[PDB]
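Here's the structure, in structure tokens; my notes come after.
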Amino acid sequence: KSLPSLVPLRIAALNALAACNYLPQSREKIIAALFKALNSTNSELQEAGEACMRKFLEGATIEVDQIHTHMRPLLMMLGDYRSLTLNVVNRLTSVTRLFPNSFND
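Heads up: the sequence shown runs through residues 1357 to 1461, numbered per full-length UniProt numbering.
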């Protein structure tokens, strides 16, 4: 209740989640949590949100299905131009910078 921002606590939690890559059974969940943070509207969380995902991928791997399912909301607002914004475009470039093969022509 006394945290000015509460962001620093969230940031470090992802890193603890990311370091848990070596456990396979956990991957099904921590992957989902990372992606939700990866899409977090908070830009500072977004920056570390994708950075932690990179650390997780070093000790694990990600397929198209999880990307497609997790990033599904991102593809929803792709119909209308005005849906994109300062951070949404940042999220788009952030997601493609890793596992780039997800997106195509």
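Ideal placement from N, C-alpha and C gives every residue a C-beta, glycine not left out.
If you count every other CB in all the chains shown that lies within 10 Å of the CB of residue i, and 16 or more means buried, which is it?
i, result
"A1393", "buried"
"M1427", "buried"
"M1409", "buried"
"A1369", "exposed"
Suppose you measure from the CA of residue i to the CA of residue j; what does that come to, to the nearest Å?
i, j, result
"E1400", "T1425", "24 Å"
"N1443", "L1373", "24 Å"
"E1406", "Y1437", "24 Å"
"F1412", "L1454", "12 Å"
"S1458", "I1418", "10 Å"
"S1439", "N1460", "20 Å"
Hey, could you find the ends of the alpha helix (DSSP H) residue i is sitting in?
i, result
"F1412", "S1399 to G1415"
"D1436", "Per DSSP, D1436 belongs to no alpha helix (DSSP H) and is neither H nor E."
Hey, residue i and residue j: beta-carbon distance below 7 Å or not?
i, j, result
"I1386", "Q1422", "no"
"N1377", "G1415", "yes"
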